[PDB]
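Engineer: no sequence for this one, just the structure:
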């Protein structure tokens, strides 16, 4: 009956997590991801997912999964569906550069990792927005480059850091929509600085793809940017409602990634049915149904912004589906989330280190699948709190 003494340190750390209010609960969904979902046998309205267009449970995407598996098999063992998706993505999101290509990756993390390891090295300096999500942080540390953090969206500070750098290779890295705040990065000014200093501008559009710009092509498209310095990363498990991720860039950039990125990064792939279903999702996102879903989401955002302002708490000023409400402490945030959970509304409580100390917050995530009746109930829940 041997005992591993390090189990004791884990057990003590878990108890400390309970006391400090940082315990995480994983809930099991009895029904598909959607506006209304059943959890533990009780139907609730969910504001927790990043299913921004309501596509995760869409009948056309369910059908595309089934069709994709019948055509290409259950597992990948580069399927024809993966190759076709790369063509479809280049056409949809590559408008910022002539002769765009795209690469499909299993996860957003892998997409970031492939891009940074291929382009960054010793002698590269990487300039990173302070609120960038942790995957981008992790990808950069692996790159073996010097990482300099510029203050959030502070392009004057970044301009001063760029000129105070003699590096042979400079890379600027920013999320487009910040996942816990909802604000949109100053891409026009960031790109100006990138061209002036001869730097790559790598932008992660995880939370802007599908919901920003003409036909939902994303944040670069919204900013109407055109430059070969741009490298566009996105994920396909949020607005697109399936799984996977992409890098889109000038074909020379893509070919360099194929030749220089760590080969194991290409050895993982989602099931072929997933790639086939993303191609179907692009047709919805870019079509009249996508336009209608986005227009409805914009109306939900407009109502929710004022709803949050009416509460005693401080909203983060967001024009995207991410609608945070700052409470303050962990305990006070968990208490309010539980009051909403009792009213049948699932609103996550975000806590450090995900967010700065003293800014624990509800993260209300809107979806085009939500109705005005759903916001009626969220409002009543907030008004009662």
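Structural biologist: Cool, the structure landed. Numbers count the residues shown, from 1 in each chain.
Engineer: ok, the residue nearest to residue 163 when sequence neighbours are not counted to residue 242 distance?
Structural biologist: Distances taken as C-beta to C-beta, 6 or more residues apart in numbering place residue 197 nearest to residue 163, at 7.8 Å, with adjacent residues excluded. (Each C-beta comes from the backbone N, C-alpha and C, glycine too.) Between residue 197 and residue 242 the distance is 37 Å, computed by C-beta to C-beta, to the nearest Å.
Engineer: for residue 160, same thing?
Structural biologist: Distance from residue 160 to residue 242, counting by C-beta to C-beta: 41 Å.
Engineer: Check residue 95 too.
Structural biologist: If you measure residue 95 against residue 242 using C-beta to C-beta, the figure is 22 Å.
Engineer: now the strands for the stretch 151-300 of the chain?
Structural biologist: Chain-ordered strands for the stretch 151-300 of the chain, with DSSP state E, counting those that start in this stretch as the definition, fall at 169-175, 200-204, 230-235, 245-250.
Engineer: Go through these and pick out the most buried.
Structural biologist: Across these, averaging neighbours per residue (mean count of other C-beta atoms under 10 Å) puts strand 230-235 on top, at a mean of 28.
Engineer: Hmm, residue 127 and residue 146 touching each other?
Structural biologist: No - checked against C-beta atoms under 8 Å, the pair residue 146 and residue 127 is beyond contact range at 9.7 Å.
Engineer: neighbour-wise, which of the two wins?
Structural biologist: Higher neighbour count among residue 146 and residue 127: residue 127, with 26 against 15, using other C-beta atoms under 10 Å.
Engineer: right, and the helix or strand after the host helix or strand of that one?
Structural biologist: Under DSSP states H and E, the secondary-structure element containing residue 127 is strand 124-129. For strand 124-129, the succeeding helix or strand toward the C-terminus, using DSSP H and E, is helix 134-142.
Engineer: What residues of that following helix count as buried?
Structural biologist: For helix 134-142, a neighbour-count test (16 or more other C-beta atoms under 10 Å) marks 135-136, 139-140 as buried.
Engineer: ditto for stretch 294-304
Structural biologist: Of the residues in stretch 294-304, those buried under the neighbour-count criterion (16+ other C-beta under 10 Å) are 294, 296-297, 300-301, 304.
Engineer: That one: how far from the chain's middle?
Structural biologist: On the basis of C-alpha atoms, centre = their mean, to the nearest Å, stretch 294-304 sits 19 Å off its chain's mean C-alpha point.
Engineer: more crowded one of residue 197 and residue 242?
Structural biologist: Neighbours per residue, other C-beta under 10 Å: of residue 197 and residue 242, the larger number sits with residue 242, 25 against 17.
Engineer: In contact with the more buried one, which residues?
Structural biologist: Taking C-beta atoms under 8 Å, 6 or more residues apart in numbering, we find residue 242 in contact with 55-56, 61, 236, 274, 277-278, 281.
Engineer: Just flag the most distant two among the residues you listed.
Structural biologist: Of all pairs drawn from the contacts of residue 242, the greatest distance, 13.2 Å, lies between 55 and 274 (C-beta to C-beta).
Engineer: Spell out the residue ranges of the helices in this structure.
Structural biologist: 6-19, 59-72, 80-93, 108-119, 134-142, 155-163, 187-196, 219-222, 251-260, 272-285, 288-309, 330-342, 372-384 (DSSP state H).
Engineer: Tabulate these (JSON lines), appending distance to residue 360.
Structural biologist: Conversion of the helices of the chain to JSON lines gives the following (distance: least, C-beta to C-beta, whole Å):
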{"stretch": "helix 6-19", "distance to residue 360": "15"}
{"stretch": "helix 59-72", "distance to residue 360": "34"}
{"stretch": "helix 80-93", "distance to residue 360": "35"}
{"stretch": "helix 108-119", "distance to residue 360": "25"}
{"stretch": "helix 134-142", "distance to residue 360": "17"}
{"stretch": "helix 155-163", "distance to residue 360": "26"}
{"stretch": "helix 187-196", "distance to residue 360": "29"}
{"stretch": "helix 219-222", "distance to residue 360": "27"}
{"stretch": "helix 251-260", "distance to residue 360": "38"}
{"stretch": "helix 272-285", "distance to residue 360": "33"}
{"stretch": "helix 288-309", "distance to residue 360": "16"}
{"stretch": "helix 330-342", "distance to residue 360": "4"}
{"stretch": "helix 372-384", "distance to residue 360": "17"}
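Engineer: Which one of these lies nearest to residue 37?
Structural biologist: Nearest to residue 37 among the helices of the chain is helix 372-384 (11.9 Å), distances taken as C-beta to C-beta.
Engineer: In terms of secondary structure, what does that closest one contact?
Structural biologist: Based on contacts counted as 3 or more C-beta pairs under 8 Å, 6 or more residues apart in numbering; DSSP states H and E, the elements that helix 372-384 packs against are strand 42-46, helix 288-309, helix 330-342, strand 345-346.
Engineer: most packed of these?
Structural biologist: Most buried of those by mean neighbour count (mean count of other C-beta under 10 Å) is strand 345-346; its value is a mean of 19.
Engineer: Partner strands of that strand and their direction?
Structural biologist: strand 42-46 (parallel) (DSSP bridges).
Engineer: Grab the most central residue of this structure for me.
Structural biologist: Compute the mean C-alpha point of the chain, and by C-alpha atoms, centre = their mean the closest residue is residue 206, 3.2 Å away.
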